[PDB]
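Below is one structure; the comments refer to it alone.
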Amino acid sequence: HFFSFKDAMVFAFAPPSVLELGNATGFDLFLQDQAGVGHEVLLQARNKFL
Amino acid sequence: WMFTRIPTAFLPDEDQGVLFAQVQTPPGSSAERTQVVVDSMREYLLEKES
Amino acid sequence: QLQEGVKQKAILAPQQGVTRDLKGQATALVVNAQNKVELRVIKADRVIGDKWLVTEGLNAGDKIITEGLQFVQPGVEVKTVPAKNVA
Amino acid sequence: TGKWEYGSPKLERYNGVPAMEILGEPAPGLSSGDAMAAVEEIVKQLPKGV
């Protein structure tokens with residue numbers, strides 16, 4: 001039903017078992033740069049990853 | 001043979017009585033659009049899923 | 001309050017449907033006659049009321065979209081509905 | 001004068017270098033090692049510099 005809200009992107013998630021570890025379920029990773037390739041190039045790389 | 005079948009995890013996702021919802025409009029928006037989406041979400045969760 | 005010019009046959013795209021691309025030029029997603037969205041670049045620089053005074057790019061009678069512009073990409077078939085978001 | 005430009009409203013850093021996050025969760029049947037390995041296949045097709 002939140003997909004039927006055509007206005008906004010609503011995502012509904014439940015917290016994990018151990019609340020102290022994080023704030024959602026599954027994994028996470030931080031896609032970073034090293035050389036200074038550029039903020040827009042890094043945003044394009046994040047869109048490619050997604 | 002059976003040790004490959006059952007998938008490995010850390011700890012099973014338990015019930016908590018806690019659900020989160022993350023509202024995010026098409027950004028570059030004002031507070032009126034977010035308040036409309038928020039109030040419609042509240043109306044749904046209060047009259048349709050009480 | 002002295003006026004500076006009367007614009008004849010003006011079109012007003014609302015604030016919801018006009019955004020910016022990667023370069024800084026204004027855009028607005030419109031729906032074709034065969035019911036398919038596409039990107040088009042418009043020149044909007046003056047805010048009157050809560051609607052951009054679009055001088056170029058958009059025309060009369062076309063159908064720009066104001067909500068659902070992150071559920072859609074340019075070039076995919078959509079369905080039209082009267083947008084309740086604008087006022 | 002005035003020019004409309006482009007930028008992100010939330011800038012992130014990680015170990016002193018810019019970054020973006022990616023959150024997610026594995027398939028309902030698969031393990032965490034399979035999601036790990038699938039990210040290890042997606043990252044190999046990123047540009048050089050991240």
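Just so we're on the same page: first chain in the structure tokens is A, next is B, and so on; residues restart at 1 for each chain, and ligands are numbered from 1 in the order they show up.
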At a cut-off of 9 Å, which residues of chain C touch chain D? Count only C-alpha atoms and give the answer as a PyMOL selection string.
chain C and resi 20-26
Just the selected residues (N, CA, C and O atoms), exported as a PDB file, in the first residue's frame, please.
```
ATOM      1  N   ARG C  20      16.171  20.367 -11.870  1.00  0.00           N
ATOM      2  CA  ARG C  20      17.396  20.631 -12.606  1.00  0.00           C
ATOM      3  C   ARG C  20      18.121  19.321 -12.875  1.00  0.00           C
ATOM      4  O   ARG C  20      18.070  18.384 -12.076  1.00  0.00           O
ATOM      5  N   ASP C  21      18.800  19.264 -14.019  1.00  0.00           N
ATOM      6  CA  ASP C  21      19.669  18.145 -14.338  1.00  0.00           C
ATOM      7  C   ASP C  21      21.096  18.396 -13.859  1.00  0.00           C
ATOM      8  O   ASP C  21      21.364  19.245 -13.007  1.00  0.00           O
ATOM      9  N   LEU C  22      22.022  17.614 -14.418  1.00  0.00           N
ATOM     10  CA  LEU C  22      23.411  17.596 -13.974  1.00  0.00           C
ATOM     11  C   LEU C  22      24.143  18.896 -14.291  1.00  0.00           C
ATOM     12  O   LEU C  22      25.154  19.207 -13.657  1.00  0.00           O
ATOM     13  N   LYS C  23      23.659  19.671 -15.263  1.00  0.00           N
ATOM     14  CA  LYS C  23      24.373  20.859 -15.708  1.00  0.00           C
ATOM     15  C   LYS C  23      23.823  22.158 -15.143  1.00  0.00           C
ATOM     16  O   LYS C  23      24.587  23.115 -14.997  1.00  0.00           O
ATOM     17  N   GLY C  24      22.536  22.219 -14.820  1.00  0.00           N
ATOM     18  CA  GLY C  24      21.969  23.425 -14.249  1.00  0.00           C
ATOM     19  C   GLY C  24      20.836  24.006 -15.066  1.00  0.00           C
ATOM     20  O   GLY C  24      20.312  25.074 -14.741  1.00  0.00           O
ATOM     21  N   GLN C  25      20.453  23.312 -16.132  1.00  0.00           N
ATOM     22  CA  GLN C  25      19.365  23.739 -17.000  1.00  0.00           C
ATOM     23  C   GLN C  25      18.072  23.040 -16.602  1.00  0.00           C
ATOM     24  O   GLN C  25      18.073  21.857 -16.254  1.00  0.00           O
ATOM     25  N   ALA C  26      16.974  23.786 -16.632  1.00  0.00           N
ATOM     26  CA  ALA C  26      15.724  23.315 -16.056  1.00  0.00           C
ATOM     27  C   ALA C  26      15.065  22.276 -16.948  1.00  0.00           C
ATOM     28  O   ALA C  26      15.149  22.341 -18.175  1.00  0.00           O
TER      29      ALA C  26
END
```
Shell of 12 Å around residue 24 (chain A), only C-alpha atoms, local chain residues under 3 positions omitted, as a PyMOL selection string
(chain A and resi 11-21+27-28) or (chain B and resi 13+18-22) or (chain D and resi 23-25)
Go ahead and write the residues just picked, C-alpha atoms, as a PDB file, in the first residue's frame.
```
ATOM      1  CA  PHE A  11      10.078   2.379   2.629  1.00  0.00           C
ATOM      2  CA  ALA A  12       8.804   0.404   5.634  1.00  0.00           C
ATOM      3  CA  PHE A  13      11.373  -1.618   7.587  1.00  0.00           C
ATOM      4  CA  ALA A  14      11.493  -3.526  10.865  1.00  0.00           C
ATOM      5  CA  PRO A  15      14.455  -3.254  13.280  1.00  0.00           C
ATOM      6  CA  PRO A  16      16.765  -6.271  13.788  1.00  0.00           C
ATOM      7  CA  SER A  17      16.892  -8.735  16.672  1.00  0.00           C
ATOM      8  CA  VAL A  18      19.735  -7.071  18.576  1.00  0.00           C
ATOM      9  CA  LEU A  19      18.905  -3.364  18.613  1.00  0.00           C
ATOM     10  CA  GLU A  20      22.405  -2.420  19.797  1.00  0.00           C
ATOM     11  CA  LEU A  21      24.133  -3.628  16.595  1.00  0.00           C
ATOM     12  CA  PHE A  27      24.355  -5.938   5.647  1.00  0.00           C
ATOM     13  CA  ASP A  28      25.854  -2.513   4.956  1.00  0.00           C
TER      14      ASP A  28
ATOM     15  CA  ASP B  13      14.914 -11.777  13.041  1.00  0.00           C
ATOM     16  CA  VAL B  18       8.303  -2.040  16.752  1.00  0.00           C
ATOM     17  CA  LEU B  19       7.923  -1.023  13.116  1.00  0.00           C
ATOM     18  CA  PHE B  20       9.615   1.933  11.452  1.00  0.00           C
ATOM     19  CA  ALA B  21       8.479   3.797   8.359  1.00  0.00           C
ATOM     20  CA  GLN B  22      10.822   6.033   6.376  1.00  0.00           C
TER      21      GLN B  22
ATOM     22  CA  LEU D  23      22.116  -0.681   2.887  1.00  0.00           C
ATOM     23  CA  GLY D  24      20.251  -3.849   2.035  1.00  0.00           C
ATOM     24  CA  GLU D  25      19.432  -7.419   2.964  1.00  0.00           C
TER      25      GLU D  25
END
```
Near residue 9 (chain A), counting only C-alpha atoms, which residues have an atom at most 9 Å away, once you skip same-chain residues fewer than 5 positions from it, shown as a PyMOL selection string?
(chain A and resi 2-3) or (chain B and resi 22-26) or (chain C and resi 68+70-71)
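Interface residues on chain B toward chain C (cut-off 12 Å, only C-alpha atoms): residues 24, 25, 26, 27, 28, 29, 30, 32, 33, 34, 35, 36 and 37 of chain B.
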Go ahead and write the selection's residues with C-alpha atoms as a PDB file, in the first residue's frame.
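Below you can see out-v5.pdb, which holds the result:
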```pdb
ATOM      1  CA  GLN B  24      11.065  10.493   1.689  1.00  0.00           C
ATOM      2  CA  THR B  25       9.410  12.705  -0.940  1.00  0.00           C
ATOM      3  CA  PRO B  26      10.962  13.592  -4.314  1.00  0.00           C
ATOM      4  CA  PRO B  27      13.602  15.862  -2.841  1.00  0.00           C
ATOM      5  CA  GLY B  28      13.957  19.502  -3.506  1.00  0.00           C
ATOM      6  CA  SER B  29      10.504  19.604  -1.888  1.00  0.00           C
ATOM      7  CA  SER B  30       9.053  21.746   0.874  1.00  0.00           C
ATOM      8  CA  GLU B  32       3.898  20.764   2.866  1.00  0.00           C
ATOM      9  CA  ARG B  33       4.346  17.720   0.600  1.00  0.00           C
ATOM     10  CA  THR B  34       6.097  15.719   3.332  1.00  0.00           C
ATOM     11  CA  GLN B  35       3.376  16.693   5.812  1.00  0.00           C
ATOM     12  CA  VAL B  36       0.676  15.541   3.358  1.00  0.00           C
ATOM     13  CA  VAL B  37       2.388  12.153   2.856  1.00  0.00           C
TER      14      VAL B  37
END
```
Name all residues at most 10 Å from residue 45 (chain A) (count only C-alpha atoms; drop same-chain ones fewer than 5 positions away) and give them as a PyMOL selection string.
(chain A and resi 31-32+39-40+50) or (chain D and resi 20+43+45-47+50)
Distance-based interface of chain B with chain D, 12 Å, counting only C-alpha atoms, as a PDB file with N, CA, C and O atoms, in the first residue's frame:
```pdb
ATOM      1  N   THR B   4      24.926 -28.451   3.459  1.00  0.00           N
ATOM      2  CA  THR B   4      24.896 -27.397   2.451  1.00  0.00           C
ATOM      3  C   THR B   4      23.498 -26.841   2.229  1.00  0.00           C
ATOM      4  O   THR B   4      23.366 -25.726   1.713  1.00  0.00           O
ATOM      5  N   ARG B   5      22.458 -27.577   2.621  1.00  0.00           N
ATOM      6  CA  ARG B   5      21.098 -27.179   2.276  1.00  0.00           C
ATOM      7  C   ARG B   5      20.603 -26.029   3.149  1.00  0.00           C
ATOM      8  O   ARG B   5      20.109 -25.021   2.634  1.00  0.00           O
ATOM      9  N   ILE B   6      20.740 -26.154   4.466  1.00  0.00           N
ATOM     10  CA  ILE B   6      20.214 -25.163   5.404  1.00  0.00           C
ATOM     11  C   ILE B   6      21.116 -23.935   5.430  1.00  0.00           C
ATOM     12  O   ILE B   6      22.317 -24.055   5.706  1.00  0.00           O
ATOM     13  N   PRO B   7      20.584 -22.745   5.159  1.00  0.00           N
ATOM     14  CA  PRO B   7      21.428 -21.552   5.063  1.00  0.00           C
ATOM     15  C   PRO B   7      21.894 -21.052   6.419  1.00  0.00           C
ATOM     16  O   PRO B   7      21.209 -21.195   7.432  1.00  0.00           O
ATOM     17  N   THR B   8      23.075 -20.440   6.416  1.00  0.00           N
ATOM     18  CA  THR B   8      23.698 -19.947   7.636  1.00  0.00           C
ATOM     19  C   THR B   8      23.370 -18.476   7.847  1.00  0.00           C
ATOM     20  O   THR B   8      23.292 -17.698   6.893  1.00  0.00           O
ATOM     21  N   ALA B   9      23.173 -18.100   9.103  1.00  0.00           N
ATOM     22  CA  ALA B   9      22.889 -16.718   9.464  1.00  0.00           C
ATOM     23  C   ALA B   9      23.623 -16.424  10.765  1.00  0.00           C
ATOM     24  O   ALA B   9      24.519 -17.166  11.182  1.00  0.00           O
ATOM     25  N   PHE B  10      23.256 -15.319  11.413  1.00  0.00           N
ATOM     26  CA  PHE B  10      23.798 -14.973  12.721  1.00  0.00           C
ATOM     27  C   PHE B  10      22.785 -15.221  13.835  1.00  0.00           C
ATOM     28  O   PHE B  10      23.066 -15.958  14.783  1.00  0.00           O
ATOM     29  N   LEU B  11      21.599 -14.624  13.724  1.00  0.00           N
ATOM     30  CA  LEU B  11      20.601 -14.666  14.780  1.00  0.00           C
ATOM     31  C   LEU B  11      19.271 -14.339  14.123  1.00  0.00           C
ATOM     32  O   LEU B  11      19.225 -13.420  13.294  1.00  0.00           O
ATOM     33  N   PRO B  12      18.191 -15.059  14.435  1.00  0.00           N
ATOM     34  CA  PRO B  12      16.960 -14.909  13.652  1.00  0.00           C
ATOM     35  C   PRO B  12      16.245 -13.606  13.961  1.00  0.00           C
ATOM     36  O   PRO B  12      16.281 -13.103  15.087  1.00  0.00           O
ATOM     37  N   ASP B  13      15.603 -13.057  12.933  1.00  0.00           N
ATOM     38  CA  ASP B  13      14.914 -11.777  13.041  1.00  0.00           C
ATOM     39  C   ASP B  13      13.673 -11.964  13.900  1.00  0.00           C
ATOM     40  O   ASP B  13      12.707 -12.609  13.481  1.00  0.00           O
ATOM     41  N   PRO B  27      12.945  14.805  -3.608  1.00  0.00           N
ATOM     42  CA  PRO B  27      13.602  15.862  -2.841  1.00  0.00           C
ATOM     43  C   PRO B  27      13.775  17.121  -3.682  1.00  0.00           C
ATOM     44  O   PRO B  27      13.447  17.164  -4.865  1.00  0.00           O
ATOM     45  N   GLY B  28      14.243  18.172  -3.021  1.00  0.00           N
ATOM     46  CA  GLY B  28      13.957  19.502  -3.506  1.00  0.00           C
ATOM     47  C   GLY B  28      12.537  19.931  -3.230  1.00  0.00           C
ATOM     48  O   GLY B  28      12.023  20.818  -3.917  1.00  0.00           O
TER      49      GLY B  28
END
```
List every residue of chain D that DSSP, applied to the backbone, labels as alpha helix (DSSP H), and write the result as a ChimeraX atom specification.
/D:32-42
Point-to-point distance in Å for CA of residue 84 (chain C) and CA of residue 13 (chain C)
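So the two atoms, CA of residue 13 (chain C) and CA of residue 84 (chain C), lie 15.1 Å apart.
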Pull out every residue of chain A that has at least one atom within 8 Å of chain D, counting only C-alpha atoms, and report them as a list in words.
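The complete set of qualifying residues is residues 25, 26, 27, 28, 29, 30, 31, 32, 33, 34, 35, 36, 37, 42, 43, 45, 46, 48, 49 and 50 of chain A.
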Closest-contact table, chain A side, partner chain C, 8 Å, counting only C-alpha atoms, as a Markdown table:
```
| residue | atom | partner | partner_atom | distance |
| --- | --- | --- | --- | --- |
| A:6 | CA | C:68 | CA | 5.2 |
| A:7 | CA | C:67 | CA | 4.8 |
| A:8 | CA | C:68 | CA | 7.2 |
| A:9 | CA | C:70 | CA | 7.6 |
```
Take the residues from that selection and put them in a file with N, CA and C atoms, as a PDB file, in the first residue's frame.
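The new file result-v9.pdb reads:
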```
ATOM      1  N   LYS A   6       1.676   7.442  -4.667  1.00  0.00           N
ATOM      2  CA  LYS A   6       2.395   7.860  -5.859  1.00  0.00           C
ATOM      3  C   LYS A   6       3.225   9.114  -5.639  1.00  0.00           C
ATOM      4  N   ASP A   7       3.035   9.826  -4.530  1.00  0.00           N
ATOM      5  CA  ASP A   7       3.807  11.040  -4.298  1.00  0.00           C
ATOM      6  C   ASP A   7       5.225  10.707  -3.846  1.00  0.00           C
ATOM      7  N   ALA A   8       5.362  10.076  -2.689  1.00  0.00           N
ATOM      8  CA  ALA A   8       6.654   9.924  -2.037  1.00  0.00           C
ATOM      9  C   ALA A   8       7.177   8.498  -2.126  1.00  0.00           C
ATOM     10  N   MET A   9       8.487   8.368  -1.944  1.00  0.00           N
ATOM     11  CA  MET A   9       9.141   7.066  -1.846  1.00  0.00           C
ATOM     12  C   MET A   9       9.139   6.653  -0.384  1.00  0.00           C
TER      13      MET A   9
END
```
Please provide the set of residues having any atom within 9 Å of residue 75 (chain C), restricted to only C-alpha atoms, with same-chain residues fewer than 2 positions apart removed, written as a PyMOL selection string.
chain C and resi 36-39+72-73+77
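For chain D, backbone-based DSSP assignment of strand (DSSP E) covers residues 12, 13, 18, 19, 20, 21, 22 and 23 of chain D.
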Would you export the selected residues with C-alpha atoms as an mmCIF file, in the first residue's frame, please?
```cif
data_model
loop_
_atom_site.group_PDB
_atom_site.id
_atom_site.type_symbol
_atom_site.label_atom_id
_atom_site.label_comp_id
_atom_site.auth_asym_id
_atom_site.auth_seq_id
_atom_site.Cartn_x
_atom_site.Cartn_y
_atom_site.Cartn_z
ATOM 1 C CA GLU D 12 29.371 11.539 4.052
ATOM 2 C CA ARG D 13 32.946 10.602 4.953
ATOM 3 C CA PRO D 18 34.339 10.818 1.037
ATOM 4 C CA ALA D 19 31.867 7.984 0.711
ATOM 5 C CA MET D 20 28.302 6.841 0.144
ATOM 6 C CA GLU D 21 26.459 4.098 1.996
ATOM 7 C CA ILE D 22 24.584 1.112 0.595
ATOM 8 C CA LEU D 23 22.116 -0.681 2.887
#
```
Between CA of residue 27 (chain C) and CA of residue 58 (chain C), what is the distance in Å, rounded to a tenth?
9.7 Å
